[PDB]
Each structure stands twice: as structure tokens, then as C-alpha cells.
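Student: quick one, fold the following:
(9 chains, ligands or ions: 1)
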Amino acid sequence: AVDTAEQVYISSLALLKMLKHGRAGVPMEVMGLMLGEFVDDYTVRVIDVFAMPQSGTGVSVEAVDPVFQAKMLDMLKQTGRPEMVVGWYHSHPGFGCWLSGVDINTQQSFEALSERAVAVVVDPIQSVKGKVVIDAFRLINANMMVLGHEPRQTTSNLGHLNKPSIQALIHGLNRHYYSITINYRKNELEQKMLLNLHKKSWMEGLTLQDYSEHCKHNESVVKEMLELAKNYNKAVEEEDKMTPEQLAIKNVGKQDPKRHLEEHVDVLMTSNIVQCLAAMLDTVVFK
Amino acid sequence: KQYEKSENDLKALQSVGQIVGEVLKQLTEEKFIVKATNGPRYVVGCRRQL
Amino acid sequence: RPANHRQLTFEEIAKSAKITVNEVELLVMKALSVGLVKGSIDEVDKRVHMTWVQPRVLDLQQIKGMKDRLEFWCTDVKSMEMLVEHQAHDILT
Amino acid sequence: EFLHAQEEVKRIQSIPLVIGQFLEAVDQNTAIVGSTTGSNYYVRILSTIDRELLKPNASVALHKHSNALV
Amino acid sequence: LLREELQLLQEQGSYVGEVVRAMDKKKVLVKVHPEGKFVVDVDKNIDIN
Amino acid sequence: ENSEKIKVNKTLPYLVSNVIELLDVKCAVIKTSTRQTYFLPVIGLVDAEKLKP
Amino acid sequence: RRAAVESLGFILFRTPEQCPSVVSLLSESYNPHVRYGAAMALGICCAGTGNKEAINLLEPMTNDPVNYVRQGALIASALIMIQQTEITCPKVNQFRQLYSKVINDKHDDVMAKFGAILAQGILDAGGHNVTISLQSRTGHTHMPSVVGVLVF
Amino acid sequence: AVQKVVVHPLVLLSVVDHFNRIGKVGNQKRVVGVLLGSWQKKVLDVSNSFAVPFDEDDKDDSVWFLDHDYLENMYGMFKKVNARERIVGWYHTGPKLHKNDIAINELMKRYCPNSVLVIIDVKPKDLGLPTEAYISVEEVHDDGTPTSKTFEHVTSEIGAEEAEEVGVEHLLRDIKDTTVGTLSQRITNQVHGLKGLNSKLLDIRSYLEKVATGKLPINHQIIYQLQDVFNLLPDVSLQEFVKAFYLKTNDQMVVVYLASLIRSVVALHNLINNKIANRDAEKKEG
Amino acid sequence: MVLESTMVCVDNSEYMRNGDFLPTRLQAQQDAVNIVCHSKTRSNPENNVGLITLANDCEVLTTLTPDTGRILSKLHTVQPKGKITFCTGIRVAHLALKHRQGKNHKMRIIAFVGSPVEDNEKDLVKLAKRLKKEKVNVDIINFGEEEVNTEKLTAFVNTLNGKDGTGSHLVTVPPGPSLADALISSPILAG
Ligand SMILES: [Zn+2]
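Tutor: Numbering: from 1, shown residues only, chains lettered A, B, ... in the order given. Take a look at the structure below.
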């Protein structure tokens, strides 16, 4: 229909609430509401996420208890920030994350309250480490198919939408759905203290403790895996000396003949762990 | 009470049939390997309260 | 005695405690039975080895020795750590 | 770039895995497996698999839609 | 870029089939694995010979 | 209620099947004519008296 | 990253022999964004010059499986041939066939062939009577030229 | 008792956003909230958390507020959505703990039997490990104190979960120098010396400070006790601690001969492959 | 339906443990809480009532709630033994009503004083100027005994709302064993 620039802001707590609540109830689509602030025409800013309670034991079925609305928003009024609801979410846990018939069913009833209340889909399965996968959508009408649907200001967002993407059925659901870009702004305070946590708190408390424990390893436990290393670096070696012989025998470097390889580099890296933690001994133990 | 029992039926019309199978063995803490009785094998997961 | 070369022989025990030779073993094993010493005994020289001392109330000279030896340890740890850090800093980068 | 690309490859398994059996391999990065759906397929493989772990006959994880060695 | 070519694995699969004998008009006859037979086409790269 | 049972019962192809057993943890187990075993926790529009394996 | 490699021509348009030699390894980068800004950098630096190395580098830039890097290739291939006819480059009709080839195709996207109609606007602009130049006789750089194409 | 508590990133970000909640009133307000978790084992688990109303004024500075009813109904909400999840304790911002930081636990001991607290820092000037956690026990003294009811720290870290791995490890994208091997530990090797130094600097500052102020604070029990513990274990003796160094030679031995033998052979073999494919393509190219 | 949030302050001080009032002082002030909670409920159902004490600690037994069921529960087994506490009683009630949500509702408090207090006059006049700078009206309903012809409360209410205050009162205790309805019969009319 009449479109605008497509842009969705986040909160950093949001994504975590999404993944936790969509993981803890995984095989059934778990309803959840979404809370934020309509700043303007084209950007929407979710700032808070609270999950919905569950009901009877069936896929995709959803409800909005209004006493839960009143009491939850009341608690968030006596919490420091009360703000306006901005939409909702659930998961499509086993697939390529398209809104189902029940999803568009609650969308045509939910769209009469808010215009740009954006439906969002988290998936805790098709993301491993380098995917969110954040996936939000927006419903189109059927009355305005006499008119066009195609102003699409700031053209980059659409061409960006077609790349994160697959299916025959998403391709069948470019009707009734046009997505919207999601991006991420991060507090440098929060970024730096998450860096504190996950580049400092993977090192452990007082920080001497586990390195002196490695120093405990280096004179009691290492010699056993050094015996394992020496037995490997005899047994693997007397047959990997057959390998340049057979390289001279068969061809100049053709296809893979069979199972084994050199594999020594990994065992040598474990020996490098041995020497570095043996270097730790002088440093820690003395002074 | 007709409306009550038939509304229970009305809510109940949305349940989904579920596949019956047997578990071959356990791979990991979350990965499970089953066999559908009609046919092929699979690799599945559990719920969180099982 | 400042807890470094402190392996005590029979003589100073039998001089302080003013008890005879074959009673100092009872004297030390009584404290070993109680646990207000955590050492051991050789008897070719009757050297009773000391790996223990009692925590005692901090006096003024104990205050000063505390701060001085604590700083003595601290500046040595710092001065060696700075050399480790600077020597292998640019390979961290 | 390379390590994050390696782990972005790793979204493939995650919970819909079906079990074929290894039958043959054409060459490097190309194999032949026959599923427990009776039929038999010419599939591609991931660069993740250590190639010692295969080629007698191994129960192997396949993708559902793409039906490739994983 | 080769690792970023991973959208190739995500596409589809391919069949292995047994040839009985070819015929005219650049076609063959294939009995795939459990099913019957199919008169199918060749690609550009392979020889009918 | 009649609208929903119109939306279900006007689906005129009825896959026929056979009730294998009847759990109670009110739960029926089905083998269809395609020989695919199905579980269902919710029985539907028949009564547990009229059912037998 | 896009604007960072777009800065190259806007700081080094005084000499055009430099930028192909230094962006000849950026043209085949990992993401479409550095490739895109690289293509536009070769477009803005070799604009008023009949370069052959720029056409050399921009030749396989229309083939990448991302749409808008092909679009930027179309815009840059319009920029390389301002009022150029048949002696500065043999690629005049070789690209006039190309823009019509991609716009009269149906299955290509809108973002792909937006640059095609835009480049046909560029190649025939002013009835070939006016052209673009960041340079005058006086050595001074022409300011609304730089500002207009920069905001463009 | 408790082995250790396992804090997840979600609750820490749920403190940061809470400071962002109450950062607009500004005037005089610490961050205080309520902790949620799971008593897994002797180890402790933490999953969720949320807010609480709380304030504290200047005159008669023992004025503190814990809404029971907020706790009742919002714990009813969280128990309604998740029955695996229940209360384990509370938290606050923790610059340090002040004197009034016992009464919160002494309120909500009637909810959790061992109501554990969490002390964090929203300002990451701490070059130590954040998310400190105490627990209140009693240690009734030889001096005949009636009941000393003192919080005592049980160690803490940041744990892992599969989905929060996806979350955190995508939210970073910032820094990765590790290439995990001989050098993923050396940054933390600078850290262990430097963060023994910071703690020891706190030690010497405390030792100098007790003599000046506190009127005679000096710790009176745990100064002489743990000081003599310090003065009973710096072993610098030289009889066989010198003779650990042929075991150090043995530590050197294995890695020296593994490196010297196999590293050169592998690199040589790769030189063989490179020069074969170099000259045999050179005779076909030129 | 006038806008406030009536903060009742119960009197579980140790001098309330006798029976100089009608059965027990606790029961008469409990029925006083009943009539003021229904009176402010019929005055407005929007406004809400929590309770607070002047015991060993001024404990928030009830959060500010419109329903009186928890009030009915907490008026029993109140442990009426302990030293009176007033000066920080103002502070705890004030910050309890700065823990409200609708701050257009008046910070109306009622205080039940039935014991000799040890307040300083300068402390309560800092409270007087404080509550002048805090927009609070408190009608104090005295009980039991004090320094008789009760002192510092005349001073506190007089220093509270000078120069057109007209919102804070002082209901002194009648030192006669009278019915509790006769004690609330003038406060049920107005302040
Ligand atoms: Zn869905």
C-alpha cells in the first residue's frame, strides 16, 4: 500500500527475552507481547519485552488477557518506565519463519488498534552464532489492490529485504507480508561491560586462581597426557612415513585415496599448551 | 450446558495429530534419535519438562 | 625467630622449658596432640622441625613489619609483572 | 571473517536431521547416500566433516529439504 | 567467498538412476532407484555416445 | 460453534482409520489406512462409550 | 565502508591513473558494500577520462549475484563513457546493448535495472552537448559538479 | 550451603536497563531489584530478575521500602508463565554494601530459606570480575558477641546457555584476538599479575588505613589469623625446590623434540608439494 | 470522589495494652480503622489505604491497597508492645506515599498516638517546614495517655499549617472511658 521507509529499532534486553522464552517452550509457538514507543512515521523503537502466559496444549493458539494487560502495565507504571505497546511476537521453531494462518488471523484483529504494530518472529533453532534471526513482518490489505502498493522510500531497505530470504512459500508470502529492516544500537557502557563479562569473566575470580591451577596441572596430570602424546607420535608416525612414499607411488597428487591423514598438528598444539603452561610455572610460583 | 460442552468441542477442534514412534537411543543431552513406525529414522529434540 | 631458618634443636627447648632430655619429646608430642604446633621430629640431632607458628595479636612493631614486608612483596610482584607485560606486550598487541 | 563464516555455515543441523547411510563417494566434496526412505541420492557434502569418519557404511545426518550430507 | 557459497547446499537434491539404453532425438531411458522408468533429457556437457 | 463445525465437517474427504487403543492420561491412538500411526490427546466429536479398539 | 571507499575519487580526482591500480584488489572484496563503493569510486575517478584499466576492472562487476553491486556497475559504466564514441572505448555499443539487455529482461529485479534506465539517461544527457567535469582550464575544481555528483 | 552461584547475562542486562529506568529521576536513588533463579544443587542457578520499589532518604538513614504486594502479584505472573522458575533472592547496584543492606535479606528470609544477594556494578570501571554474591551466616565470636549475623561471599562467574550463547556471541561482533591456543590465555596472563596487584594495593591501603582511622579497627580476629596464614605460606626454600628444575628440563624436553622433529618435517613436506606444483606448472605455463 | 491516598497508622505501642478504653484499646482503634476505611471507601473507591505502625520498627504491613481484606487480616495479632516512634514515622509514611503512582492524589495520613512520645521540638519543626515543602495534610487522632493534656502535638500541628493551611488537624484523646463511636463522632464529620 502506501509505504514509508522501513526501519525497526531494538533494545538489547529484547533479543535475550525473545530467545529465552522462545527456547523454554520450543515445540509450541509461544505468544509474547512487545513494548516500546512509536517515535515517528518510519522508525519504531521497542524498549521492553514481557512474555505472555500459556494455555491449553496446542500449537500457535494465542490470547491477550486484558486483566494481565492492566496488571502488567500497572506494574510497569510503578516501574520506572511506563510506555505504549508496539506489537507482539512468537516463534516458528522448525522452519523458515513465515507467519501462519493463525498469525494473520490475530493480525487482522490486532491491526485495528494500531497501524504499525509490527509482528516479529524469533527463531532459536535456525540461528547458531552468526544469526539473530530477527525476522519481522507487516500485513497488507486486500481493499487496496485496485490501487498500487509501491512507493518504497529509501530503496536500499527492500533490496536488502530480498537477500535474507529463501523459500517457495516465502516467495508465495510476499503477498500479505512485506518485511521491515531491523538494526541494532548498543550502549558503549553496555557494550564495554558485556565485553567486561565476556572477555574478563570467562577468566575466573581473582584471575590468579585458574592459572595457578594450570600450574598444578603441569607437574601432576600433564605427564599422563604426555605419555598419550608420545604414544600417538610414535604410532601415527610409522605409518605416516608411508605417506610421501605412496605420494611418489600413485600419482602427482590425485584424489583422496583413503582414511587417515597426518593429524600431527593438533597433537603438537596440545604440546604447545604443555610448554606455555610450563612457562606459567616460573611466573606464578616465583613471586 | 449444550453451549458449554459444544464450546469445549469448539476449542478442541484445533488439536493436531502427533506421530507415534520409538526411541532408538540417546545421542547427547538434547539430541535424540528415534524411529518412525511407518518408515524412516529421525534425529529429534525434547521438551524442557520431560 | 623470623620463621626462615627455624629448625629448633633439643638444647634451647631444654633451656627455656628447663626440663630434662627424655621429656622434651613428650613436650612436643603433647603440642602435636593438641595441634598448637604443626611440625615434625628428627632425633639424630633431636631437631624438632618447625612448619608452624601461632597467630598473635598485632603490636606496633608488628604493624610496621606487616606494612613493610607487605610492601616488600607488593613492589616485587609489580616490578616483575611490569617486565613480563612489557617484554611480551607487543605480541599481544 | 573466516571463523565467523565457518560458524555461519553451522546453522544447518540444529533439529531436523534425518538419517541416511553412506554408500559411495564420487570424489572430493561429492558423495552418494541412500536414505531410509528407500530411494538413493546424489548429494553434496559439507566441508565440516573429517573424512576419516566415513566410507565403509555410516549412519549419516541429512537435511530434510535439501537432502545433503551434514 | 567459497564458504559464503553456502546457499548452494541449501537448494535441492539430485537422483541416481540406471540407464537401460538410449534412443533417437537426444534422449535416454532411466530406471531411477525404486520407481519405474522415464524418458529424460541430457545436459549440454555429456555425450550421447 | 456451527460455523467451526461447518469449517471442519465440510472438508468432505474423511481419511478412515482404526482405533488402536484408548489411553486415559481420554486419549486415542490411530492407525490410518496409509499405515501411519498417529497420537492424539484430544478425541473430538465421538464418545468414549462408542469407541473400542 | 561504502562511503569510506567512495571517498577515494573525491579526494584523488586530480589524477585518475591512481585509483584503478589501488582498487584493483577491492573490486573483488567479500561483501557487496565494499564492491559497490569500489565500483562507484572507479566511476567517479575515471569519469572524465577514457580509461581502459577502469573498463578492465569494471567489466566483471556486472556479474556479481547481488543486485545493487550490478546497479553500481551500471552507474559507473555510465560514468566511464561521458560523450565517448567508438575510439576512446569499443564498449559504447557493447554497453548500449547491455543496458537494453537488462532493462528489457523481465526476470531481473527493479534495483538491478534501475541503473539501466538511469545510465541511458546519463549517456544521452543534454543531447550529448554537455558533459560532466571536475576540472577546468584554470586548474580550480568545479564546485557544483563535485557537490552534485557527491550528493547524488 | 552454596557451592557457587551461576549468573547469566540476562539478569545483568536486566540491571543495566533498570538503571536506565530510574536514571531520569536521578536525584538520590540506588538500583535495587529482586532476583530469580533455581536451586539446582550445592551450585546455584540464576535465570531471570525484575524490579522493586525502593527509596532511602538522608535523615535517620534506615528508611527502606520493600513492597510485599508487588512481589506477590508479579511473582504470581512469573510463576504463572513459568513453573520451573521460582525465587532465590535479591540484588542491588552495589557500589559496596552499606549498613542498611541486611534488612532486605532479613525481610525476605521468609520467602527463600537462604535468600542470596548479588552485588554488581553498572559502571564498568571495575577491572575485576563483577557480580559479587554474598550469603548471610552467623559466626558467634569468642568475645561473647550474642549473634554476629554477617554476609559472606560465595564465588561467582558468568555461566552459559545455548540460546544466550547465540544472543551474546552475536551481540558482540567486536573483538576476537584469541585464535584459541598458546595465546588465548596470555592477555589473561597479564591480567592475573595485574589483578593480583590491584587486590594487593587494596590490601596495603587497608593496612595503612586501619592504623590511622577506625579508631583501632584493625579486624581484631581475622587480621592476626589470616596474616599469619600469609606469613606461614611463602615457600622460597632452596633444598629441592631447586630440584624441580630437571622436571622443568623434562617439561622443556618433550616439546623441544616434538617441535624440532615434526614441525620442520611438516613444513618441509609442504615445501615439497609447493615446489612440485610450482615447477610442474611452470613448465606448462612458460 | 475526592483524590487522596489515606495512610492509616496503627497504634501497637505498649501503653495500648490496657483496658481503660472500652474492651481493649486495640479493638476500639480497630473498629476506628473499619469506620475510616469504609468512610474513605464511600468517599472514593479510587483512593486506596495501606497501614503502617509506630512499633519497634515502622513496618509496612500492607501496601497501599483499595481492598480492606488485608486490613482486616493485619488488624489482628498486631503485637501491641513497643516504644512509640513518631519523628521518623512522618518520614516513613511520606516516602511510602512517594512510592505511590498517582501523585495528584493527596498525601493524607492519619496518626494514632496513645503513648508518651520523646520527640524533640526542633525535629518536629524540621518536619513542619518539611511537610510545608512537601504538600501533606495529616489529621492526628490521639489515643490513650501521654504527658497528659498532650504536648508537642499541639506544637506540631500548630507549626504544621500556619498561614492558610486548614488541612491538618489534631484530634486529641478524650481522657474518659467512652464509646469509640463517640471518639470518632467529631472526626466522622470533618477534620
Ligand atoms: Zn506462527
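Student: what's the neighbour count on residue H:53?
Tutor: 18 (other C-beta atoms under 10 Å in any protein chain shown). From N, CA and C alone the C-beta is placed, and that goes for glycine too.
Student: now it, what's its secondary structure?
Tutor: Here residue H:53 is recorded as coil under DSSP: H, G, I helix; E, B strand; the rest coil.
Student: try residue F:34
Tutor: Classified using three-state DSSP, residue F:34 is coil.
Student: quick check: closest non-adjacent residue to residue 43.
Tutor: Let's take chain A. Excluding its sequence neighbours, the residue lying closest to residue A:43 (C-beta to C-beta, 6 or more residues apart in numbering or on different chains) is residue A:7, at 4.6 Å.
Student: wrong one, chain B
Tutor: residue D:17 (3.6 Å).
Student: got the contact list for that neighbour?
Tutor: B:42, B:43, D:61, D:62, D:63, D:70 (C-beta atoms under 8 Å, 6 or more residues apart in numbering or on different chains).
Student: what's around the last one, how many residues?
Tutor: If I follow you right, that is residue D:70. Neighbour number of residue D:70 under other C-beta under 10 Å is 20.
Student: whichever strand or helix holds residue G:78 and chain A, any residue contact?
Tutor: Using DSSP states H and E, residue G:78 falls within helix G:67-79. Yes - judged by C-beta under 8 Å from any C-beta of the partner chain, helix G:67-79 comes into contact with chain A at G:67, G:68.
Student: next secondary structure after that helix?
Tutor: helix G:91-103.
Student: so which bits of that following helix are buried?
Tutor: Across helix G:91-103, burial judged by 16 or more other C-beta atoms under 10 Å in any protein chain shown covers G:91, G:95, G:98, G:99, G:102, G:103.
Student: do the same with stretch H:159-170
Tutor: Neighbour count says stretch H:159-170 has H:159, H:161, H:163, H:164, H:166, H:167, H:168, H:170 buried, by 16+ other C-beta under 10 Å.
Student: for residue I:61, which non-adjacent residue is closest in space?
Tutor: That would be residue I:74: by C-beta to C-beta, 6+ apart, it lies 4.7 Å from residue I:61.
Student: quick one: contacts for the one you found?
Tutor: Counted by C-beta under 8 Å, 6+ apart, residue I:74 has contacts I:51, I:61, I:62.
Student: okay if I get these as a markdown table plus secondary structure, distance to residue G:113 and neighbour count?
Tutor: As requested, the contacts of residue I:74 are exported to a markdown table (DSSP: H, G, I helix; E, B strand; the rest coil; distance: C-beta to C-beta, whole Å; neighbours: other C-beta atoms under 10 Å in any protein chain shown):
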| residue | secondary structure | distance to residue G:113 | neighbour count |
| --- | --- | --- | --- |
| I:51 | strand | 75 | 22 |
| I:61 | coil | 74 | 19 |
| I:62 | coil | 71 | 23 |
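Student: among those residues, which one lies nearest to the ion?
Tutor: The closest of the contacts of residue I:74 to the ion turns out to be residue I:62 (C-beta to the ion; 43.7 Å).
Student: and the closest residue to chain E within chain B, how far from residue E:43?
Tutor: Residue nearest to chain E within chain B: residue B:39 (13.1 Å; C-beta to the nearest C-beta). From residue B:39 across to residue E:43, the span is 33 Å (C-beta to C-beta, to the nearest Å).
Student: neighbour count for these two, which is higher?
Tutor: For the pair residue B:39 and residue E:43, the greater number of neighbours falls to residue B:39 (13 against 5), based on other C-beta under 10 Å.
Student: tell me which residues of the longest helix along chain C are tucked away?
Tutor: Longest helix in chain C, counting residues (DSSP state H): helix C:60-87. Neighbour-count burial for helix C:60-87, with 16+ other C-beta under 10 Å as criterion, is recorded at C:63, C:66, C:70, C:74, C:77, C:78, C:81.
Student: which strands border whatever helix or strand residue E:40 lives in, and is each parallel or antiparallel?
Tutor: For residue E:40, the element it lies in under DSSP H and E is strand E:37-41. Paired strands of strand E:37-41, with direction, are strand E:27-31 (antiparallel) (DSSP bridges).
Student: assign the residue lying farthest from the centre of chain G to helix, strand or coil.
Tutor: In chain G, counting by C-alpha atoms, centre = their mean, residue G:138 sits farthest out from the average C-alpha position, at 25.5 Å. Classification of residue G:138 by three-state DSSP places it in coil.
Student: tell me the contacts of the residue in chain C that chain B sits nearest to?
Tutor: Chain C approaches chain B most closely through residue C:92 (36.3 Å), counting by C-beta to the nearest C-beta. Contacts here follow C-beta under 8 Å, 6+ apart; on that basis residue C:92 touches H:177, H:183, H:186, H:187, H:190.
Student: ok, and which of the residues you listed reach chain A?
Tutor: Near chain A, by the rule C-beta under 8 Å from any C-beta, you find residue H:186 out of the contacts of residue C:92.
Student: and the next element down the chain from the longest strand along chain D?
Tutor: Ordering each strand of chain D by length in residues (DSSP state E) puts strand D:17-27 first. Later in the chain than strand D:17-27, the nearest helix or strand by DSSP H and E is strand D:30-35.
Student: close to chain E, is the helix or strand following that following strand?
Tutor: Of the helices and strands lying after strand D:30-35 in sequence (DSSP H and E), the nearest is strand D:41-43. Yes - using C-beta under 8 Å from any C-beta, strand D:41-43 reaches chain E at D:41, D:42, D:43.
Student: what separation is there between the residue nearest to residue A:43 and chain I?
Tutor: 33 Å (C-beta to the nearest C-beta, to the nearest Å).
Student: equivalent analysis for residue C:87, please.
Tutor: Distance from residue C:87 to chain I, by C-beta to the nearest C-beta: 57 Å.
Student: could you dump the contacts of residue I:74 into TSV with distance to residue E:47 added?
Tutor: Shown next, in TSV, are the contacts of residue I:74 (distance: C-beta to C-beta, whole Å):
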residue	distance to residue E:47
I:51	96
I:61	94
I:62	92
